[PDB]
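Single-structure report; data block below.
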Amino acid sequence: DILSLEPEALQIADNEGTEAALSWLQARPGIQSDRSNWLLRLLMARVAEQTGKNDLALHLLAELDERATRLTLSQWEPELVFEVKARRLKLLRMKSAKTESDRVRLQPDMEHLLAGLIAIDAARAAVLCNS
């Protein structure tokens, strides 16, 4: 999107020091979600490798790579996985009211999905707790 396109951090690293460029990279206010949180260290790695440091680039990427083998299913792209689970809840309110004898066990199939949404976006889920 936008967070991995910052060429002006190279425009500080050749005026102020390469330590000062890494200090500039953390104090940008946009880094909220885990996608832009992870790409920022690669941007820190690009500034570190370009100007002649080339040893901090390993530890910037190794501290990147351990948590790179995570963030799998609903961490990256939370807008997509929220579209999946909101449909499985909206379909469960149609299948019942024809066999009224197995509705005593639908509640974990709802209240785990209904707790699967509050871990993603608590604002959009509040118009789904209606009866």
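Residue numbering restarts at 1 for every chain of the structure tokens, chains are lettered A, B, ... in their displayed order, and ligands are numbered from 1 as they appear.
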
Find the nearest atom pair between each residue of range 31-110 of chain A and range 7-15 of chain A for residues within 12 Å, count only C-alpha atoms, give distances in Å to one decimal, sort rows by chain and ascending number, and present the table as JSON lines.
```
{"residue": "A:40", "atom": "CA", "partner": "A:9", "partner_atom": "CA", "distance": 11.6}
{"residue": "A:43", "atom": "CA", "partner": "A:9", "partner_atom": "CA", "distance": 8.9}
{"residue": "A:44", "atom": "CA", "partner": "A:9", "partner_atom": "CA", "distance": 9.0}
{"residue": "A:45", "atom": "CA", "partner": "A:9", "partner_atom": "CA", "distance": 11.6}
{"residue": "A:46", "atom": "CA", "partner": "A:10", "partner_atom": "CA", "distance": 9.1}
{"residue": "A:47", "atom": "CA", "partner": "A:10", "partner_atom": "CA", "distance": 6.3}
{"residue": "A:48", "atom": "CA", "partner": "A:13", "partner_atom": "CA", "distance": 9.2}
{"residue": "A:49", "atom": "CA", "partner": "A:10", "partner_atom": "CA", "distance": 11.1}
{"residue": "A:50", "atom": "CA", "partner": "A:10", "partner_atom": "CA", "distance": 8.6}
{"residue": "A:51", "atom": "CA", "partner": "A:13", "partner_atom": "CA", "distance": 7.6}
{"residue": "A:52", "atom": "CA", "partner": "A:13", "partner_atom": "CA", "distance": 10.6}
{"residue": "A:53", "atom": "CA", "partner": "A:13", "partner_atom": "CA", "distance": 11.4}
```

Limited to N, CA and C atoms, could you put the picked residues into a file as a short mmCIF file (atom, residue, chain, number, x, y, z; two decimals), in the first residue's frame?
```
data_model
loop_
_atom_site.label_atom_id
_atom_site.label_comp_id
_atom_site.auth_asym_id
_atom_site.auth_seq_id
_atom_site.Cartn_x
_atom_site.Cartn_y
_atom_site.Cartn_z
N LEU A 40 7.74 -2.54 8.23
CA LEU A 40 8.56 -1.40 8.61
C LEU A 40 9.99 -1.81 8.90
N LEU A 43 11.82 -2.13 5.73
CA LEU A 43 12.23 -0.79 5.35
C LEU A 43 13.42 -0.33 6.17
N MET A 44 13.48 -0.74 7.43
CA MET A 44 14.64 -0.47 8.26
C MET A 44 15.82 -1.28 7.77
N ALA A 45 15.54 -2.46 7.21
CA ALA A 45 16.62 -3.28 6.68
C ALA A 45 17.16 -2.71 5.39
N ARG A 46 16.31 -2.08 4.58
CA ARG A 46 16.77 -1.50 3.32
C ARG A 46 17.68 -0.31 3.56
N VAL A 47 17.33 0.54 4.53
CA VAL A 47 18.18 1.68 4.87
C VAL A 47 19.48 1.20 5.50
N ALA A 48 19.42 0.10 6.24
CA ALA A 48 20.62 -0.41 6.88
C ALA A 48 21.57 -1.05 5.88
N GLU A 49 21.03 -1.74 4.87
CA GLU A 49 21.91 -2.41 3.93
C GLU A 49 22.51 -1.44 2.92
N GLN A 50 21.78 -0.37 2.59
CA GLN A 50 22.19 0.50 1.49
C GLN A 50 23.42 1.32 1.86
N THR A 51 23.30 2.16 2.87
CA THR A 51 24.48 2.81 3.41
C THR A 51 25.29 1.77 4.18
N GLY A 52 26.60 2.00 4.28
CA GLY A 52 27.51 0.93 4.63
C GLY A 52 27.50 0.47 6.07
N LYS A 53 26.44 -0.22 6.49
CA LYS A 53 26.44 -0.83 7.81
C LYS A 53 26.55 -2.35 7.73
#
```

Excluding range 109-113 of chain A and residues on its chain fewer than 2 positions from it, collect all residues at most 10 Å away from it, counting only C-alpha atoms, and give them as a ChimeraX atom specification.
/A:85-86,88-90,92-93,105-107,115-118

Determine, counting only C-alpha atoms, which protein, DNA and RNA residues have an atom within 10 Å of an atom of range 119-121 of chain A; residues of the same chain fewer than 6 positions away are not included. Present the result as a VMD selection string.
chain A and resid 74 to 75 78 to 79 81 to 82

For a test of reading the model, state the distance in Å between CA of residue 97 in chain A and CA of residue 125 in chain A, rounded to one decimal.
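Interatomic distance, CA of residue 97 in chain A to CA of residue 125 in chain A: 24.1 Å.
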
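Atom pair CA of residue 65 in chain A / CA of residue 41 in chain A: separated by 10.2 Å.
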
Just the number, please: distance in Å from CA of residue 62 in chain A to CA of residue 42 in chain A, one decimal.
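Separating CA of residue 62 in chain A from CA of residue 42 in chain A is a distance of 10.5 Å.
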
At a cut-off of 12 Å, using only C-alpha atoms, what residues contact residue 1 in chain A? Leave out same-chain residues fewer than 6 positions from it and give the result as a count of residues only.
3
